[PDB]
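Just so you know, structure 1 and structure 2 below are the same protein chain in two forms, each on its own as structure tokens.
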Structure 1
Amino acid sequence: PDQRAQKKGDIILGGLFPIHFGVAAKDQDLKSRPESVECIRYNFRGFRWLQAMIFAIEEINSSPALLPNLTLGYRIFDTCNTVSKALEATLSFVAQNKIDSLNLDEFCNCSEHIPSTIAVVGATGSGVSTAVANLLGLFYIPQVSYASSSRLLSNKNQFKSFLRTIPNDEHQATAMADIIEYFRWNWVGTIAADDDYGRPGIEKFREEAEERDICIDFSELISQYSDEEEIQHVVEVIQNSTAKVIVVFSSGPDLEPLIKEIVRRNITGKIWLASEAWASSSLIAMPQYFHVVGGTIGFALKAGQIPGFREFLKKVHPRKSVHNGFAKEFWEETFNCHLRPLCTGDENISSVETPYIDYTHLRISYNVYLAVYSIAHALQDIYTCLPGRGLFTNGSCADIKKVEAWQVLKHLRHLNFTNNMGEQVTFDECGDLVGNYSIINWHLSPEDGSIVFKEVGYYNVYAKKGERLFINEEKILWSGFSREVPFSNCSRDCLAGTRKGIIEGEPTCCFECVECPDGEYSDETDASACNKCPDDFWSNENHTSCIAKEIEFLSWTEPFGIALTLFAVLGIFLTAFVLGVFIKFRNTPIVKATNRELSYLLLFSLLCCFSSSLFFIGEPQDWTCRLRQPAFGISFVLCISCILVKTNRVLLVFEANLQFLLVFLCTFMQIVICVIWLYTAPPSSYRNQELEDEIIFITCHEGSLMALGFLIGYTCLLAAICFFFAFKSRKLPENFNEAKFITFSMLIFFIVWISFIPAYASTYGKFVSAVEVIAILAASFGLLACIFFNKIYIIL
């Protein structure tokens, strides 16, 4: 390495910064002796970090309070983000230690003029720094990095002298998961880089997503040296996916070919998530690409303050700066000339617009500044060590004249001081720091069309999980110009009345919506299953909620019921035209039956025949006391018996007072059978019919219907017997044709049941009570009309 930044001093430090983005991308066939690689691109941020470190060292050497008489030198080389260059620089650093503490088999002699460094500033990448630390751990030389946040460097078993001044990015995955949870999504992507920074950083994110039940569509890995095949495959995978959110864990140059290919293919409508590595890189954030990476949300560190730095940055000159060997190359790259046209030392560094001269926040430079002062404070603590109170064995103390690397590492292990801003800086036993992570968004400046970063929130690491992040949605512009929150889900959420259904070969986050069948209802949206038991209710047409069932039965409240009751009471009134108001019964001339008894009985007999029809009307169980367990046969057992005794009285004169006792004996069998039935045998009722539809049915199904059939058959047989007995003498019309019309009156009763048997068998709306009551009422009207034909001839 001919180019170097070397300054002499009593104590020598080591530094490694990236000045070039990469090396020549050429393959060697090894046909001849290989040569060293050559740089292709130039970096300006590394020069800024180098200048900041030089300024910090100079301020240390210019502060008598920090160090009275100690002068510190430095040796800085270039890495170019290459493992080989950093390994060569580290080997050159540890040559004095290598010749002495190593290679004991053979005698190795070297010049004493070369100095020995006490510490080496770590590299930027997480892979190069890993190799540098692995090689440095043999000699116990401390190494402090400023940009490595990989977890693989946190293992103290493999690395013993590695420290970092950048907060660990393990909380970055948690913050991204919380961001995804806040803007509720379930379909996301995953793109990482094949290195030591991307692969370990995606496992934690995937674990957090799985813990939060977040589905991942595709996961891909990219690299800077990959050719067109992998880039095309990744582009095809991205295009063939419906995920609108992509998580990217990569660097600037690593992601540059993918961004260029996407821009060439004009792929838009995607959301880009940026980590701290590439949230502010100038290689990706360009106006020409603003239509592909617009509205990008990224992570950034906490800004620092370095007084007297802007003025120092303008003092660089390629002629009066002999200590710095990179000034000439920086000048040539900035002014784009040779030292084609000749260039003198009379330009202005602030004319050309380059990132070296303009900046908004110093994060990595502040990290290097803090590391340099941490080393200075460790040296000061070594100098100020008091006898009798030390960190070595038996209370020993070190000598400032002869300081070894292991003593510096031991003193750096237990370090605590105050920052220039009043903060407290100390090193944890894992060699890691804790700091805030900030959220930034990309916007377009209307003035000159330049990409700018705006703060729209922050992440806290000193609070309990759940409320560690704050965000302001009103200041976030999605896709660069859109304000509404984009919709990125595998499928639409199920609405009310629909349930979920599995699709074969698909994850849990993807499903289908299926309408629930009858009898099932669901109120909450996206319900796993619908309620099955409506608690004696019915499912609605839309299955939104439950509906109470309807009770349908014959009642007097309905117009049909009130009309039937009015007809019944009218019939009761029409049989009271003699019962209620009676004509003279003494020496009655119209009827030969002078005696009031056995003839006045027919009045209240017909009254009971009419009144008994009111048992069937209304609900069977409407009243508790009047539950009417016997309902059917009571009407028959009295009315048929009265008809039979009347027919017997009529026939005794023609076919054939002890008659009153004689008529009752024949009908006594009906009454004793009914009394046995209605008391000894307790009838029941059927509460609900077959429980299928929303229309419920109530009915009174008397127990032991065979007894009812038997008693009806007995009554019919007795009626037929009396009809047959009356038939033999009804042909001859005598005595006001009395016997001639009773036969027709009771034949009306017979033909009522003949004409209403299909109504008994089948009825509309389960109204067997209605047909029964109308049949018995019509029979009662017929009997009443044809039983009092003698009164219409003569009033009295």
Structure 2
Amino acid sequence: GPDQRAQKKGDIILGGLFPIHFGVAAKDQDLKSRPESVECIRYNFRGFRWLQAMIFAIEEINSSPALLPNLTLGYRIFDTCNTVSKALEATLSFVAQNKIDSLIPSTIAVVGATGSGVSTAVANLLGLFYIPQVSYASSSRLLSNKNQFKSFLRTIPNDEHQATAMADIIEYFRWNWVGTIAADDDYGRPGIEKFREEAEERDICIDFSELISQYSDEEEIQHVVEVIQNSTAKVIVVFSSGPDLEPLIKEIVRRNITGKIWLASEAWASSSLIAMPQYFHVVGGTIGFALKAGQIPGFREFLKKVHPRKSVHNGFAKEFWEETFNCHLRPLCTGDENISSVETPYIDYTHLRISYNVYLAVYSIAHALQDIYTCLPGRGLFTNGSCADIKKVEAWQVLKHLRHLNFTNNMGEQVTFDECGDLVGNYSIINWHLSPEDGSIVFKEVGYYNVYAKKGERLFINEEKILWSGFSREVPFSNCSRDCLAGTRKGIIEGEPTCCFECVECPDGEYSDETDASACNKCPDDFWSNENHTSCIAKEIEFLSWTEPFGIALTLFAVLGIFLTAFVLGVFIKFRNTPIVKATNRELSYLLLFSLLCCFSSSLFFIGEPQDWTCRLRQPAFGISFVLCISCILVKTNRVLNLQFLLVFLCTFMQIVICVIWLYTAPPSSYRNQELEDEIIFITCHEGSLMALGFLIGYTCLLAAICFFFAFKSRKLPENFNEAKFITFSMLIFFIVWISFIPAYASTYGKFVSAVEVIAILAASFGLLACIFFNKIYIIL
């Protein structure tokens, strides 16, 4: 394998894969000459701390007599540089003894790798030989496939819960308009696809989806940046590692794009490549996920005990020293430098999260080996309950014991893998703040995600600790469209997602009292829409009311007419013996005055709220009363020109025959017209039989015409103080009144028609009463 390595000799050997470098020298191999090994460039102190965690765990296990007594653990650890090719060279180094036996110490298990693509490439080769591989950082769901990867286990949780938690965080702050950026690898794509599913189930619309890489060209990065600029969405879900996101962040910083809310996956939410003060105007206020911190007592002292000369087994200490103090062993360095003097991620960490995963992977392998070592002969997991010989143990036996592993931590937590080889765990939710004292980016814990909880209760966030964009205390707005107010409704914008809608006000008569209403609700039959359609109010009912001032005036005039009729009748009764009262027919005068009273009472019927019987008794009453009065006048004229009572009764009987017939066949009824005006319901009467009203008015007018003619023939005659002329005047007044109001008798419905009717009745009755009796009263004085 590669010359630079960390090796210790032992009975049982653990392989190790760590990213001591962030990547390799990015250059296209010309193939002009023999291609030499690609060089790793940028030093990764956090990865070196992870390697030190593996070495520390192995040394701790060796020193403890409790775990694996009389057996020494060795390691062979190589640098992957986050690259598949280096990892595969190291893995070929791991499987040499198996390759010899398929077509150098034996490797019983491997710790690593970090990246999911690297782990997948390694796991193909390792599961070929059934060598167990416990990864500390690779969290792709693709590695949960136990058909493809027979010997892969994880001390890190799967990525599915992280994508679901990202969706839950988006839902918590009431966002539905977000963007997605993913690394174009086995980490980014599966996570972003799970997020897309969990967002579409939550009615969250994703504006854009882009893929990036550390090897993305200038044109591709420009395209992604310009896609971000053209978007209105300010919440961008980025599911990537640090190296894969660094070119995009650098370009966005160079363009000074601000105001975006970055939701970070665990792989970069704590990355020193991205969390730099000079990027804070772009990436400040990032909300991201972190793993559960763990404690390794004595680990920091072990880290501080590093030295090029003293660490002979660890061959990566030389470059660590050279890159720490910027020395060579560029000024020469003695080796007396102090680790505590330099600001690097090596010692200057707050929580051990992936380091604890490395520690747990080593201890899981150690506990599987201990379970092999302490196997009682008849209680084994193998054929017939047999147990493996720890002196001649094979990798598949360790894998079998790992699939059944269940051991207690140093922290008192049960570590066990499921069928998919996954270790479930909580998430912490962190926010990127700026340190006032130091100016560096500080990761403040603002919440957690409890994967052990039932759906809907897993997410907890304390928003008072969140500073949006690094400085703001107001939750930002990340919806495509503003909500549609009450009084409006949503309308579709063609070619755009459901989240993007236009606001269209409700039509007349339809109310929408809910903000963001899909459609405008219609109002019931008797209601009409509010002014702004934010509610609707009952329709106003319209008729001729008693309390109304106009109705009051009409009722006042009706009662005045009744008073005048009663006054005339009383004058006639008290002074009937006078020759003037004797000259005219006293009985017929009484009957005429009673008829006038009935006519005024019938005029009172039209006023008021219509009812079925009221509409039944308005026209018949007036018709009968007026025919009665006209008949009394007619018989008085016939006297002027016993039997008189016969004629008046005949005419009134005819009229009541019409009235009874058309009340029996088709009675008038009150109906509430809603077609005249939308806002107002006009409560009016329905005739039932129009030809019946025709017969009513025709008979009344025919008797009127007969009396008119008979009085006209003898108008000059001076009998009863020329009563014939006054009778003609009264009849002609009746005709004037009922001719005058012809246009208003129909069409103009509502209170106007009833008002015109009662006014016509009052005018006709007053004219008749005056022309008949005012001259006689004047004579009496």
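All residue numbers here follow the sequence of structure 1, with the first residue given the number 1. Throughout, rigid core stands for the largest set of C-alpha atoms superposing within 1.5 Å between the two forms.
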Response to the item:
Across 302, 199, 701, 160, the single C-alpha shifting 2 angstroms or more between structure 1 and structure 2 with the core held fixed is at 701
Worksheet entry | Per-residue C-alpha change between structure 1 and structure 2, residue 616, threshold 2 Å, rigid core fit | yes
Practice prompt. Please say whether, between structure 1 and structure 2, the C-alpha of residue 545 moves by 2 Å or more once the core is aligned.
Written response: yes
Discussion item. Rigid core aligned, does the Cα position of residue 720 differ by 2 Å or more between structure 1 and structure 2?
Written reply: yes
Worksheet entry | residue 272 CA shift between structure 1 and structure 2 in angstrom, with the core used for superposition | 0.9
Worksheet item: Where the core is superposed, what shift in Å does the CA of residue 595 undergo between structure 1 and structure 2?
Response: 8.2
Worksheet item: Can you give the C-alpha shift of residue 359 between structure 1 and structure 2 in Å, rounded to one decimal, after superposing the rigid core?
Response: 1.2
